[PDB]
Every structure is written in structure tokens, then in C-alpha cells.
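Report on the structure given below.
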Ligand SMILES: O=C(O)c1cn(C2CC2)c2cc(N3CCNCC3)c(F)cc2c1=O
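Numbering (the authors' numbering), first residue to last: 0 to 80.
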């Protein structure tokens, strides 16, 4: 699928970053601990499995926590609608 504007409403199944790195699941706390952007308390941003999302409305578009233990997050690569 494509993304509208900055992709805040994107609900597709892309689950890798721009470089191909697998995404970490939003509910997971490994390999990266995070107190923010958890599905338990954010019920409105579609924080589902390990899919690319944009809960903070970054102009750069949808992103995910990465499975690389050194690198916290990266943007994904989804075309503009
Ligand atoms: O406290 C935390 O766990 C985090 C706090 N922040 C904000 C900076 C204070 C984050 C910001 C991130 N970026 C997402 C993409 N748009 C820019 C901000 C991010 F990927 C993760 C976190 C955290 O885990």
C-alpha cells in the first residue's frame, strides 16, 4: 500500500526499515527498552505487531524500533499515495 501525506494514518503491513533491517514489535521491550509508544496505553495509533507506524506525525514518515541492538529506530520506505 501507499501512505497519505506524512503517513500517520498508514495501517499497512510493512515490517522492515529503509535498509531492510527487521522491525521490533511495539509491545516488546527487547532489544530496545522504551517507556513511550507502547500499545498498552496508546490505543489509537495502530501500534500492532511489528508494523511501520507514525505515532508522532514525523514529516519523514512511518518508522519502527529496529532489531539492531545498537540502533534505536529508523524510517521505513513506503511510497506516497
Ligand atoms: O523515552 C523514550 O523511550 C523515547 C523517547 N523519544 C522522544 C525523543 C524523546 C523517542 C523518539 C523517537 N523518535 C521517533 C521518530 N520521530 C522522532 C522521535 C523514537 F524513535 C523513540 C523514542 C523513545 O523511545
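For every residue, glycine included, the Cβ atom is placed at its ideal position computed from N, Cα and C.
Test item: CB-CB of residue 5 and residue 39 under 7 Å: Residue 39 is positioned such that its CB atom lies no closer than 7 Å to that of residue 5.
Distance between residue 45 and residue 10 (C-alpha atoms, nearest Å): 7 Å
For residue 52, the three-state DSSP class (helix, strand or coil): strand
Residue 73 in three-state terms, based on DSSP: strand
For residue 21, the residue or residues it bridges with in DSSP: 15
Outcome for residue 43 when other beta-carbon atoms lying within 10 angstroms are tallied against a minimum of 16: Under this definition residue 43 is an exposed residue.
Burial state of residue 35, where buried means 16 or more other Cβ atoms lie within 10 Å: Residue environment for residue 35: exposed (fewer than 16 other C-beta atoms within 10 angstroms of its C-beta).
Residue span of the beta strand (DSSP E) that contains residue 64, given as start and end: 62-64
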